[PDB]
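These notes are about the structure you will find just below.
A quick note on method: Cβ atoms are made from the backbone with ideal geometry, for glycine too, and the neighbour counts reach across all protein chains shown. The values are calculated or read from the model by the stated rules, or taken from the named source; no laboratory instrument gave them.
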RNA sequence: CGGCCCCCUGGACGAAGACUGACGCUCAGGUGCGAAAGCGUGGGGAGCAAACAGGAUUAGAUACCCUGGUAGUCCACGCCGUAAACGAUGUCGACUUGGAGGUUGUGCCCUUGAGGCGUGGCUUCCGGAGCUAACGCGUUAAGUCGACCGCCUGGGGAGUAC
């Protein structure tokens, strides 16, 4: 059975980047979608597009630079068997900051550095690099 | 198995629609009929473990349906058990 | 090139002796699935029909016996 | 410079059986009617043209050019084409590390040239017969191998190749030395080593000849420059 | 393998056909397999090894066949 | 663009699978290998022996066009099943032509019956026919001047397995294999069969409408063991063979060649 | 688990449709099945065969070989619960280049033919990325991820002693 779709999304992205697929697609969700927002906002993806009424289908379009993939690495941090909450002062850096770490906060989803600026911690969803 | 016409009957009695076939009460009673039928066979044949397994599977599926029905609605549950004469 | 497949028979009749006879050994064995050319599905039906006929004495088990 | 109708006539669009393909060639594939991959010429032609431009550009700066092919069906054509613009070739088998282990190959070129000097300029006849046959056997072997290049002096300034998969050794060697690479790449072959990949029909004769002639003219143009 | 001499049939032809017939039946070999007991495992082992060999010969030899020797 | 897509379906439309469209131009000749190019992935390695006509010497130089055959594709690098079979279809068409006017007329010259029907040869090829077909009546061409000139009037053809017995002289006069496997049976009925593949113990000549024959190694010649059948006969060639043995059960018709 | 028939009966798959609406996975304890041998009791007993007798061989031969051969092996009801009970690979779910097959469906196609194009399930072989101490594994993983259980902590003593 499916226990974590955020995980499934990250894996699918990983494999599409691995396989030189232009895009990748999967069932759509709100959190999934705000994550896609984020990633675009940080320019690891070219664009996402959700489609469907009933069981809508999210479609990420992947990004390749000088051939190689652009999401060097992507790895979940919290998870249903083990969640990972942090205080603002406790926010990690991804790749010494050359990367990002997606985080949910009470003010929606967003990367680590935006969170720092805002001044509030939350749930570290995943590192991207 | 159960005879088709027997299934059609059980459906007519318990399905509110007689075309529904998927009513919890319906499925309950179908399982029940089947268990009743199978009791004699296993009385005769005490060593057919293989089929006894599927029998027990039916019993469990029945019980689970009943659990669902208990939580969802109690009056329906009670009438169903009354009709079937099931102790619980 | 299975005859039963282009003829398109639904089932194979043990009663129909001679079409069976076509498929039997002068000794009375059943001729080789992989070397005959009859499809598998029809093949098993053929073997079953042969056996049945044999039981009924319509066909011999073997050439020798008696 | 070349036109698509001419390639079509040449049967460039043909490719290998669809159980012998490399997925790295899908982008250069159009479709596969007849269980045989077709090469998108729409994609091919600009690349062929780019390669021609770069070849001319090299030949303008007095670039050395090497013509690799040993399919044994077009050896004649590759050699003749090499001669056409007077560049170098290897129309028979690939020596292991010819380029990488050039130096030793240079000693070999020198031995060959000495034997040639003996054959023609020596006019010195009266040598024992058996040794004769041996010298001549060596000459023939060494001319089959090392004919074209003998006058290359150094390494070549670029590398033209006919079947990358059959000539992957040369390709790896250019890569390790970094010589520019110009390969006629069919479906079943691999592009990764190729700086400049030509999606086309290695196998066919006429197509090969067409490739060769266009290349030779562009080199002669660069040389005239 | 029952046989009958045809009228005006050479003896040696008759015997040759007798041999052809016994051969067709595969009877000598059948006696050979039923002289001593074979274990189910070993029966399996023979058959599977044979099939392994079978695939080997058909495919790898053809692939070799593609290349010329000299 | 869709120029190429349309060009692909065009080129599909302007070729077919069998040896039908006479398209391969002979683009290199060398003894002993002809080679064409019928718009296939590769060039054929043609034997010279599919192309010399009736007395042994070649007939076609550069540019000449014969279709070959197909439906078998690529183990590595190569193409087509020989064009000579191509020819068989043409022969079939001429034989079929008879049906229209109930009389195909050429020349048939049949001296003798390998298996009960005089042999008739048309152009390059020679075919075997059942015994009646050679003569209209009981005339018998044994008294006729040897290898005489008539035509062939057809007596009998087997329609699946290719045996055709044709009518010399008398101009005025005008499941499936192994159910009834008693036609070529009786002890020694000679047949004309093309060999297929020689398996170092065998030769596998098999022609008569979906059967299998062997002619294994013991006969083949008049030396037993040192023979190696690839040296002694051929590949793909129609030969002298007769049955010597049929099992209709374990489909092993065991033909011979020492006869 | 394999001769043929009848009777009761379990599951899987494929086709379209109809229905419920998260009812799911895993599982300590716990319950159940569980090769072969073996036990109990009652039947049975052709073949074969521990044990056992003889004959060989050999230094010797409580074996290997040969001739006999008893329990058992079979049937009914119980017990036993262990095996290299092996894929020496726990279960469930997802994703990731290919080929050649087999077996079983099923859609379409002039089946114009044993065929042409797909779409399902189980399954043999090779092999790409990747992984690995290497061997090799490789869409049936031993790759990339999630959930639950299970087990490992130098060799022996010991899977033994209480």
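Note on the stretch F:244-258: residues that are touching a strand residue (DSSP E or B) at 6+ places or on another chain (Cβ under 6 Å) and away from chain C (no Cβ under 14 Å) total 2.
In a residue-by-residue description of the stretch D:3-15, the property of being facing chain F (nearest Cβ under 7 Å) and crowded, with 19+ Cβ neighbours inside 10 Å applies to at least one position. Can residue A:62 be described as within 14 Å of the chain's Cα centre (by Cα), surrounded by 19 or more Cβ atoms within 10 Å (Cβ to Cβ) and over 22 Å from residue A:103 (Cβ atoms)? It is true that residue A:62 is within 14 Å of the chain's Cα centre (by Cα), surrounded by 19 or more Cβ atoms within 10 Å (Cβ to Cβ) and over 22 Å from residue A:103 (Cβ atoms). Of all residues in the stretch F:39-50, those that are more than 14 Å from every other protein chain (Cβ to nearest Cβ) and surrounded by fewer than 19 Cβ atoms within 10 Å (Cβ to Cβ) total 4.
Does residue F:72 satisfy being out of contact with any strand residue (DSSP E or B) (no Cβ under 7 Å at 6 or more places or on another chain) and under 29 Å from residue D:28 (Cα atoms)?
yes
Here residue C:38 meets the list (1) within 9 Å of chain F (Cβ to nearest Cβ); (2) away from RNA strand G (no atom under 13 Å from the Cβ); (3) outside any helix (DSSP H, G or I) almost entirely, failing just condition (2).
Screening C:62, C:19 for residues that are within 9 Å of chain F (Cβ to nearest Cβ), over 18 Å from residue F:253 (Cα atoms) and away from RNA strand G (no atom under 13 Å from the Cβ) leaves exactly one candidate, C:19. Could we say that residue E:47 is out of contact with any strand residue (DSSP E or B) (no Cβ under 6 Å at 6 or more places or on another chain) and either away from RNA strand G (no atom under 14 Å from the Cβ) or more than 21 Å from residue C:31 (Cα to Cα) (or both) here? Answer is no for this residue. Taking the criterion of being touching a helix residue (DSSP H, G or I) at 6+ places or on another chain (Cβ under 9 Å), within 16 Å of RNA strand G (Cβ to nearest atom) and more than 16 Å from residue B:10 (Cβ to Cβ), the residues of the stretch B:72-88 that qualify are B:72, B:76, B:77.
Only one entry of D:71, D:79, D:64, D:24 meets the criterion of being at the interface with chain F (Cβ under 10 Å from one of its Cβ atoms) and surrounded by 15 or more Cβ atoms within 10 Å (Cβ to Cβ), and that entry is D:71.
Figure legend. Inter-residue proximity from the stretch A:70-96: first residues over 11 Å from residue A:126 (Cα atoms), second residues within 11 Å of RNA strand G (Cβ to nearest atom), beta-carbon distance below 8 Å, spacing 6+ or different chains. Indicated pairs: A:70/A:17; A:71/A:13; A:71/A:14; A:71/A:17; A:80/A:3; A:80/A:4; A:85/A:78. Starting from the stretch B:59-78, keep only residues that are more than 15 Å from residue B:32 (Cβ to Cβ), then list their pairs with residues that are more than 12 Å from RNA strand G (Cβ to nearest atom) whose Cβ atoms are within a distance under 6 Å, requiring at least 6 positions of separation or different chains. Pairs that qualify, where the first residue is more than 15 Å from residue B:32 (Cβ to Cβ) and the partner is more than 12 Å from RNA strand G (Cβ to nearest atom), are B:70/B:77. Scan the stretch D:56-64 and give yes if some residue there is in the same structural domain as residue D:212 (by CATH), more than 16 Å from RNA strand G (Cβ to nearest atom) and closer than 30 Å to residue F:16 by Cβ, otherwise no. Checking the stretch D:56-64: not a single residue is in the same structural domain as residue D:212 (by CATH), more than 16 Å from RNA strand G (Cβ to nearest atom) and closer than 30 Å to residue F:16 by Cβ. When we screen F:175, F:208, F:249 for residues that are part of a loop (DSSP other than H, G, I, E, B) and in contact with a helix residue (DSSP H, G or I) (Cβ under 6 Å, 6 or more places away or on another chain), the only hit is F:175. Scanning the stretch B:1-20 for residues that are over 27 Å from residue B:52 (Cβ atoms) and either within 9 Å of RNA strand G (Cβ to nearest atom) or not in a helix (DSSP H, G or I) (or both) yields B:15, B:16, B:17, B:18, B:19, B:20.
If only residues of the stretch B:28-51 that are crowded, with 18+ Cβ neighbours inside 10 Å and within 9 Å of RNA strand G (Cβ to nearest atom) are counted, the one that is nearest to the other protein chains (Cβ to nearest Cβ) is B:34. Scanning the stretch F:1-24 for residues that are within 20 Å of residue F:88 (Cα to Cα) and more than 10 Å from chain D (Cβ to nearest Cβ) yields a count of 8.
Across the stretch A:5-38, the number of residues qualifying as away from chain D (no Cβ under 14 Å) and within 12 Å of RNA strand G (Cβ to nearest atom) comes to 18. Screening the candidates E:28, E:15 for the property of being away from RNA strand G (no atom under 16 Å from the Cβ), more than 14 Å from chain F (Cβ to nearest Cβ) and in a helix (DSSP H, G or I) yields one hit, E:28. Looking only at residues in the stretch B:52-64 that are touching a helix residue (DSSP H, G or I) at 6+ places or on another chain (Cβ under 8 Å) and more than 8 Å from RNA strand G (Cβ to nearest atom), the one that is nearest to the other protein chains (Cβ to nearest Cβ) is B:61. Please work out if residue F:63 is in a loop (DSSP other than H, G, I, E, B) and within 21 Å of residue D:31 (Cα to Cα). No: the conditions fail for residue F:63. Can you confirm whether residue D:116 is within 14 Å of another protein chain (Cβ to nearest Cβ), out of contact with any strand residue (DSSP E or B) (no Cβ under 8 Å at 6 or more places or on another chain) and part of a helix (DSSP H, G or I)? Answer is no for this residue. Restricting attention to the stretch C:22-35, which residues are at the interface with another protein chain (Cβ under 7 Å from one of its Cβ atoms) and assigned to a strand (DSSP E or B)? Residue satisfying the conditions is C:24 alone. Name the residues in the stretch D:27-50 that are more than 17 Å from residue F:1 (Cβ to Cβ) and within 11 Å of chain F (Cβ to nearest Cβ), would you? D:32, D:34, D:35, D:36, D:37, listed by residue number. With respect to the conditions (1) more than 11 Å from RNA strand G (Cβ to nearest atom); (2) over 20 Å from residue E:24 (Cβ atoms); (3) assigned to a helix (DSSP H, G or I), residue C:52 lacks only one, and its number is (1).
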